[PDB]
Amino acid sequence: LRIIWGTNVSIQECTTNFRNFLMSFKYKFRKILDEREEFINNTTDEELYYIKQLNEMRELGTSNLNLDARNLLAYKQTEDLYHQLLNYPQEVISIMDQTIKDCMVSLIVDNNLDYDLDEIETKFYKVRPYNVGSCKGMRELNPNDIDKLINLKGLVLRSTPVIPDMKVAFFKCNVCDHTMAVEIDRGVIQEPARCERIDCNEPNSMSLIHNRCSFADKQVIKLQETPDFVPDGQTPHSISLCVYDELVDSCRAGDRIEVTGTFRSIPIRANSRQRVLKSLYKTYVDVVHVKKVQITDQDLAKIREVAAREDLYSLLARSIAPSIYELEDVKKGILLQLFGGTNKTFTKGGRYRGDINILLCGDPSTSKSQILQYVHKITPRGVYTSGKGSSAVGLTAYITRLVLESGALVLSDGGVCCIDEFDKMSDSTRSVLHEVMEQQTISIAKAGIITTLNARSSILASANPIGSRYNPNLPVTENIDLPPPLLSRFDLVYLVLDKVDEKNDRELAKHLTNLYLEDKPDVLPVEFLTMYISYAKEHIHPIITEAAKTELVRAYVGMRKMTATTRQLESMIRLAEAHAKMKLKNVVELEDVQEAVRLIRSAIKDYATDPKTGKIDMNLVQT
Amino acid sequence: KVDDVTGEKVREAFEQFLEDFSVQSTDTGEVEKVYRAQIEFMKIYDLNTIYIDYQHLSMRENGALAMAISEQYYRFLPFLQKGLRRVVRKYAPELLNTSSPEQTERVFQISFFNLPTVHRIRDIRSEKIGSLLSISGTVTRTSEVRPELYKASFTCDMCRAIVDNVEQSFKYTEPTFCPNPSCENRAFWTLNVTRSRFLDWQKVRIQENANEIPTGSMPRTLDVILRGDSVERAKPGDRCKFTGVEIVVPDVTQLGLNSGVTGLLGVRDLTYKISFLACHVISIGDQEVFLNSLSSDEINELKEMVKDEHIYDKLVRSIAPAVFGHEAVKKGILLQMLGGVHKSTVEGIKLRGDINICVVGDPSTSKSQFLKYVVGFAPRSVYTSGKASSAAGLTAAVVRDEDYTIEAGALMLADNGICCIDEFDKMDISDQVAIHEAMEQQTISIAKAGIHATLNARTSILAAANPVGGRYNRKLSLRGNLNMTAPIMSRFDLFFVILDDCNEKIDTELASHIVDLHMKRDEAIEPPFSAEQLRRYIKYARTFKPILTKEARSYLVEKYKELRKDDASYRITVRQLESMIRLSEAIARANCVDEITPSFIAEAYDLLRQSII
DNA sequence: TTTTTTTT
Ligand SMILES: Nc1ncnc2c1ncn2[C@@H]1O[C@H](COP(=O)(O)OP(=O)(O)OP(O)(O)=S)[C@@H](O)[C@H]1O
Ligand SMILES: [Mg+2]
Ligand SMILES: [Zn+2]
Ligand SMILES: [Zn+2]
């Protein structure tokens, strides 16, 4: 028979059970295991999930099979195999991959489909199991956990460039030239003492020809343990997980990803010259599967239905920060920034990103920081930090080993960034931020390190007026006291004020008190909301409109006529673009421009802003 | 030995592709066996390397040979070289020998060129190891050419048996067993340097291009290796494509001269490092001689815009097509790009002909886009932000690599070309002084770090600053409206100060222009000339050497007197007259006139007068 | 030397 050493896990019985789990495994098994009998759909449930996946996989011709734990736990034959994998992954996964390969071969031959059986025989079919176990704190790991799949969550601190992973050794005789290939067993080579040709059998003439030898691809990624898992006692740990094969270079830095992989430990040479190994063992993990943090026709239908709703604008605005009371205009602005404008990358004149930049300067206690926390949570690529705890070097780029470290902005490139207490943040680091946001790119100029980097990301700044409470006596510009260039760089500026409105105070107190009532206290499903925003960004592409352009011209002429920098024009342009995107419009409209101007005036409180003196009438503010 | 019948079949097909290719476009499809003709030229010049188009071998024999070689280039290379030697014997037996004392075997370098595609640095994969590929990128670092020991020779220090033709691995290799069967010397192999043949070698480093994988990533870098004629074939800091094979570099220290493979090394492990061995290198990034370099149609077009007399205005219009307005500023670009006649007086004092422009505009004036166009459209052009920049990285840096050495800074990176300086206002005052002395000297000397080296550092500087407080106070003076050392002010040729205007008509025009720039994107712009056409004309003008004229001497002296009176000298000095002469030279170059014209001096005088404001 | 938080 075929059994796994030290486990009493019969490889033959394992193969038979996993085969029956491959064909004759209805998704009904999974759903019933998950109960949800009110959500069972015959087609999906009665479908042999894995057989359909294998058919679509042959159609795609890929050799990788993502696999959840629940499917194994649903099939009685493979329910035991689930625990077998949990205990002794490597062997189980190897047997399982072989079984998948054989099942594909059977499917092509059984279905007599015109397919290259050699290709499938050549296709190294693999299984990428996921959900193997409940996500456990990495710090919680202990030695006995070694040799087991450990579902893990974390943030990608950094990743190494791919490394040649020696695969099969190739030798050659130095007297008769006869060659032989030694496969790397257990990461070691057993060189032939004498020539494989007994005719020659020359001792030590067999030499390893590095170039002729076979190598694989390996990469390693540092993954930070999430703050949820770690305790207050100490800083989060990180593990340099070793990735291999296609999984290599399958994630950038700052990627909130959940990964399942076997827990691995190895010796380490105490003295490189000698074979003496330190008693303690280096520990790593081999990710068999990676989870990052397709819009189904049903999902698209829901998206378009919500788009049909007129409240879409205000509905999303409230949905992004459901707990926040009021502040609908600020919510709408940040919602637009989440949507972002259109990135018309002109072949000439450079690229023109449709980015949106919103600063929040106003009297404190206004939840601005809480709003920043929300924004960071929402954006899939979020970067939260505070100026005081932030450094310009660490913000954008940090020299290292000679090598460079990505800064906070770099970790936001293609995402949203949050800089709390932006006013407190140093003026020098402010100047650093100026050009990078202006060009959406980091320019580096240092001894031996001189280059530029992509920094296309939105920033959500939170500031406080020079006077702790915004002083209407001081002009708005004086109240903020920020560089006029920097001021222009930002697209929107909400001047939140704590006007003493007994009615509004009553209502906000009601909100907060009600929250207090429920120990654990409409709005879109944040997941569905994110899907909406994504689909809009990727598929929808707003384009300027004739009426829109005419109105923009007239509006900016008025602005400059009343200062209206050209960046103001680009700001309203990108804002109308993001509005159309919010409306799932690939074409801009006059109404988008009108909304852009309206919100521009709102955030600056232009309605209450004094026509002269640069001040704002607090009585006019919120009337 | 191992038959490698496939290897010898590839050898035969390769010699037949080298001799019987029978393809030539000259005289239409008339076949010349362009590889046989290349062998004939080889005999004419008696080189070593053979240039081979990949596409030629692809059309050859259905490209099955191309496929086989492209995968197993490493395995097939000895067979290909042996077949090349066979072909040489067939047609150029003289070249078969190096060609007085005995002439040794001549090594032929089969440098394939014109590959089907170029794979990016990140596209590199272990699967491609040993396969012939081509890689693009800029040369961040290079090495001094050094003599790699291709074929080794050793005299047996116990019997005097001399060994030769010993190929060396990554680590210095030595004979193991004496060829003399009578002798049994396994060491003591005094390397016969004379017998051994060393090939030239050079390490070169490159980095990922901006538009390669800019998405949230640091530009990956590769260590390519130049060998044979390829050594030094390319200049540093230039985007170029390198065709060759992917070479895995084992760590020689482990070889003995995560863990690594062992049990061979023997007990020792081995860790590798991927790299690339370039076979052929191609870059992708006099007046009459320049014309010769041009194509016939190119020369005709040159003559065409030469004939145009509005050409000056149309060129100024072409400058920064995206940028609207600020036409005098675009004129400043054009003039600085044209440069001026640099001359060293009879006494030897060097007189700079280059022009260093400065711009002082409020934020949103598009000065950023201004510099972006400048550098993008300018060769030997370096762009940097003054806020974030290091002096050494800008001028030159000292680093230790086996051992103190030097690294070029921006000035070096763009010496003899444009030097864009963005966010100059934010630039460090001490670094500003470093530039001041460097640019004024048109020379950079690394006196520190023990070494006292010096480099030409000749170039033109496009300074870009913003007025103090983010706005230029017209009541104040330029000197004071912006933070900058007055002596450096003295040696900035120009000062384009950009102010804001509430002209409603101009506001409407610019708003419409921008909105069209977004609506129609690229279609919105329409310069009179193509950037390549513009560069060709510009270089042609560079070829010209303006000469001052009697009327021009006069007009100049009166105009300088008038300027001195106008300041009546905080901004008027002899430096201003020098800049006047340089501007006259630049205008004449734009006019493509070897002589100066009082009209040119009038234009320059108006330019400087406007700069004075 | 160069870059670099951090304290002095
Ligand atoms: N409109 C609001 N809705 C809900 N909570 C609010 C609102 N305004 C203020 N708060 C609360 O007031 C507190 C202020 O928290 P912060 O986020 O620090 O306020 P802030 O606007 O960021 O001003 P700072 O941070 O002190 S400069 C939080 O507990 C918020 O929940
Ligand atoms: Mg707060
Ligand atoms: Zn042998
Ligand atoms: Zn000997």
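Method of determination for the deposited model, per the PDB record: cryo-EM, at 4.12 Å resolution.

**Quick look at the domain arrangement of chain A**
All names here are of chain A. Split into domains, chain A comes out as domain 1 (1–134) and domain 2 (135–293). Computed from C-alpha coordinates alone, the two centres of domain 1 and domain 2 are separated by 26 Å. Regarding the contact of domain 1 and domain 2, the summed buried area is about 1,200 Å², with carbon and sulfur atoms giving 57% of it. Area buried by domain 1 at its contact with domain 2 is led by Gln90, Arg128 and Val132, which between them contribute 36% of it.

**A short note on the coordination of the zinc ion (ligand 4)**
All names here are of chain B. Around the zinc ion (ligand 4), the protein contributes the donor atoms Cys156 (SG), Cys159 (SG), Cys178 (SG) and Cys183 (SG), at 2.3 Å from the metal centre. Each of the 4 donor atoms bound to the zinc ion (ligand 4) contributes to angles spanning 103 to 115°, and the resulting shape is tetrahedral. With a relative accessible area of 0%, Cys156 lands in the buried category.

**Some remarks on the side chain of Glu208 of chain B**
Residues and elements named next belong to chain B. Locating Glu208 in the fold gives a position in the loop between β7 (197–207) and β8 (221–227). According to the relative accessible area criterion, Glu208 is buried, its value standing at 5%. One polar contact links the side chain of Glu208 to the main-chain amide nitrogen of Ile213, over a distance of 2.5 Å. In this view, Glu208 contacts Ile121, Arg122, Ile213, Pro214, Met218, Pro219 and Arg220; residues no more than four positions away in its chain are not counted.

**Examining the UniProt feature "binding site: ATP" in chain A**
Residue and element names in this part refer to chain A. Annotation from UniProt places "binding site: ATP" at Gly362, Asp363, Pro364, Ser365, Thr366, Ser367, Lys368 and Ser369. Considering the arrangement of structural elements, one finds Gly362 in the loop between β15 (358–361) and α12 (368–378). Not counting the four nearest positions on each side in its chain, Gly362 is found in contact with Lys368, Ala463, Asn464, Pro465 and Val496. With respect to the helices and strands, the residue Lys368 is situated in helix α12. Assessed through its relative accessible area of 7%, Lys368 is described here as buried. If we ignore the near neighbours within four places in the chain, the residues touching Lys368 are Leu360, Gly362, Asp363, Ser462, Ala463 and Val496.

**Some words on the protein's contact with DNA strand C**
Looking at DNA strand C, the residues that line it are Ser391, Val393, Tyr398, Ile399, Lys446 and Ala447 of chain A together with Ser390, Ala392, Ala397, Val398 and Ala449 of chain B. Counting only atoms of DNA strand C within 4 Å of the protein, the sugar-phosphate share comes to 100%. In this structure, a phosphate oxygen belonging to DNA strand C sits 3.1 Å away from a main-chain N or O atom of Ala447 of chain A. Counting residues per element, the ones that place at least two in the surface near DNA strand C are β17 (397–400) of chain A together with β15 (396–400) of chain B. Counted by class, the surface near DNA strand C contains 8 nonpolar, 2 polar and 1 charged residues.

**Describing the sheet that holds strand β16 (residues 382–386) of chain A**
All names here are of chain A. Strand order in the open sheet made by the 5 strands is β16-β19-β22-β15-β23, with parallel pairing throughout. Each edge of the open sheet is held by one strand with a lone partner, namely β16 and β23 (492–494). The sheet shows a mean angle of 15° between the axes of neighbouring strands, direction not considered. Pairing analysis gives 5 bridges linking β16 to strand β19 (residues 416–420), with the strands arranged parallel. For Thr385, the partnering residue across the bridge sits in β19 and is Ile419.

**Comments concerning the packing of aromatic side chains**
Summed over all chains, the structure comprises 24 aromatic pairs over all chains. Judged by centre distance (5.4 Å) and plane angle (90°), the rings of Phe422 of chain A and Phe490 of chain A are edge-to-face. Here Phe490 of chain A lies in the loop between α17 (484–489) and β23 and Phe422 of chain A lies in the loop between β19 and α15 (427–439), a separation of 68 residues in the sequence. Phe490 of chain A gets classed as buried once you look at its relative accessible area, which sits at 3%. Between the aromatic rings of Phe21 of chain B and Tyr35 of chain B, the centroid separation amounts to 5.1 Å while the plane-to-plane angle is 80°, which identifies the pairing as edge-to-face. Placement of the pair is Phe21 of chain B in the loop between α1 (5–19) and α2 (34–45) and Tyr35 of chain B in helix α2, with a sequence separation of 14 residues. Of the residues examined, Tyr35 of chain B reaches a relative accessible area of 3% and is grouped as buried. An aromatic cluster of at least three residues, connected via ring pairs, comprises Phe18, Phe21, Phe25, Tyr27, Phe29, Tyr49, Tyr50 and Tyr75 of chain A.

**Observations regarding the sheet that holds strand β20 (residues 460–465) of chain B**
Residue and element names in this part refer to chain B. Strand order across the open sheet formed by 5 strands is β14-β17-β20-β13-β21, with parallel pairing between neighbours. The sheet is open, and its two edges are formed by β14 (382–385) and β21 (494–498), each paired on a single side. Strand-to-strand twist across the sheet, computed as the mean angle between neighbouring axes with direction ignored, equals 15°. Sheet topology note: the β14/strand β17 (residues 418–422) ladder contains 4 bridges and is parallel. Following the sheet pairing, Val382 is matched in β17 by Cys419.

**A look at helix α20 (residues 546–561) of chain A**
Its 16 residues give α20 of chain A an end-to-end C-alpha distance of 22 Å, which sits within 8% of 22 Å, the value for a rise of 1.5 Å per residue. Along its buried surface, α20 of chain A packs onto α21 (566–582) and α22 (590–603) of chain A together with α18 (504–519) of chain B.

**Quick look at a nonpolar patch on the surface**
Taken together, the side chains of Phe41, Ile44, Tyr45 and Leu47 of chain B define a hydrophobic patch exposed on the protein surface, amounting to about 410 Å² of accessible area. The topology assignment puts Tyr45 of chain B in helix α2.

**With respect to the site of ligand 1**
Residues and elements named next belong to chain A. All residues adjacent to ligand 1 are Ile324, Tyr325, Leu327, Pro364, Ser365, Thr366, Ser367, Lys368, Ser369, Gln370 and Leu508. Between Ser365 and ligand 1, the recorded distance is 2.8 Å, taken from a backbone N or O atom to an oxygen atom. Alone, ligand 1 offers 630 Å² of accessible surface; in the complex the protein occludes 69% of this. Here the shell around ligand 1 gets 3 residues from one element, more than from any other, and that element is α12. Classifying every residue of the shell around ligand 1 gives 5 nonpolar, 5 polar and 1 charged.

**Some thoughts on helix α22 (residues 598–612) of chain B**
Residues and elements named next belong to chain B. Here α22 is 15 residues long and its end C-alpha atoms lie 21 Å apart, about the 21 Å a rise of 1.5 Å per residue gives. Where α22 is concerned, the buried positions are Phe600, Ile601, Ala604, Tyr605, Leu607, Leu608 and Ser611. Within α22, the buried residues cover an arc of 160° as seen down the axis, which keeps them to one side. The elements touched by buried residues of α22 are α11 (327–338), β21, α20 (550–567) and α21 (574–591). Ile613 sits one or two positions beyond α22 and adopts a positive phi of about 65°.

**Details of the pattern of salt bridges**
Using the criterion set out here, one finds 62 salt bridges over all chains in the structure. Across the pair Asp299 of chain A and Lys302 of chain A runs a salt bridge, and its minimum N-O distance is 2.7 Å. Note that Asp299 of chain A and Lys302 of chain A are positioned in helix α9 (residues 297–308) at a spacing of 3 residues, about one turn of the helix. Close ionic contact of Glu551 of chain A with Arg554 of chain A constitutes a salt bridge, the shortest N to O distance being 2.9 Å. Of the two residues, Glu551 of chain A and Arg554 of chain A are both situated in helix α20; the distance of 3 residues between them amounts to about one turn of the helix. Each of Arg85, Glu105, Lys151, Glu167 and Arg197 of chain B takes part in a single network of salt bridges with overlapping partners.

**Notes on the interface of chain A and chain B**
Between chain A and chain B, the contact holds 76 residues from the first and 74 residues from the second. At 8 residues, the largest contribution of residues to the side of chain A that touches chain B is made by α20 of chain A.

**Observations concerning the environment of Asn504 of chain A**
All names here are of chain A. In this structure, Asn504 sits in helix α18 (residues 502–517). Between the C-alpha atoms of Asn504 and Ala455, which are 49 residues apart in sequence, the distance is 40 Å. For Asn504, the contacting residues outside a window of four places in its chain are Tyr325 and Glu326.

**Side note on the pairing of strand β10 (residues 272–283) of chain B**
Residue and element names in this part refer to chain B. Note: β8 against β10, 2 bridges, orientation parallel. When the sheet's bridge partners are listed, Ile225 is paired in β10 with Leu277. Bridging between strand β9 (residues 239–250) and β10 involves 11 bridges; their strand directions are antiparallel. Across the sheet, the residue bridging to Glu246 is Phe276, located in β10.

**Digging into unusual backbone geometry**
Residues and elements named next belong to chain B. Backbone geometry at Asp46 places phi at a positive 55°, although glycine is not the residue there. Structurally, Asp46 can be placed in the loop between α2 and β1 (49–53). A positive phi is found at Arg521, a non-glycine position, where the angle reads about 40°. Position of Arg521 relative to the elements: it lies in the loop between α18 and α19 (531–543). Owing to a relative accessible area of 28%, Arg521 belongs among the partly exposed residues under this scheme.

What counts as what
Residues numbered from 1 in each chain as written, not as in the entry; some residues may be left out. Chains lettered and ligands numbered in written order. Part of a larger assembly, values for the part shown. Heavy atoms only, no water. Residues with missing side-chain atoms left out of burial classes, pairs and counts. Domains from an automatic or database assignment. Buried area = accessible area lost by both parts, 1.4 Å probe. Donors = N, O, S within 2.8 Å, 3.2 Å for Na, K, Ca; no water. Tetrahedral: all angles 85-135°; square planar, octahedral: opposite > 155°, others 65-115°. Buried < 20%, exposed > 50% of the residue type's maximum accessible area, 1.4 Å probe, protein only. Helix = DSSP H or I, 4+ residues; strand = E, 2+ residues; numbered from the N terminus. Polar contact = N/O pair within 3.5 Å; in protein donor to acceptor, adjacent residues only side chain to side chain. Contact = heavy atoms within 4.5 Å. UniProt positions renumbered as here; feature names shortened; annotations may be inferred. Near = heavy atom within 4 Å. Nonpolar A, V, L, I, M, F, W, Y, C, P; charged D, E, K, R; others polar. Pairing = 2+ DSSP bridges. Axes fitted to C-alpha atoms, helices over the stretch in contact; angles between N-to-C directions. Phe/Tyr/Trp six-rings, centres within 6.5 Å; stacked < 30°, edge-to-face > 60°. Expected span 1.5 Å × (residues − 1). Patch = residues over 30% accessible without salt bridge, like charges linked within 9 Å, V, L, I, M, F, W, Y side chains within 5 Å. Areas by Shrake-Rupley, 256 points an atom, 1.4 Å probe, with all protein chains shown as cover. Salt bridge = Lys/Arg side-chain N within 4 Å of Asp/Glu carboxyl O. Arc of directions from axis to C-beta.

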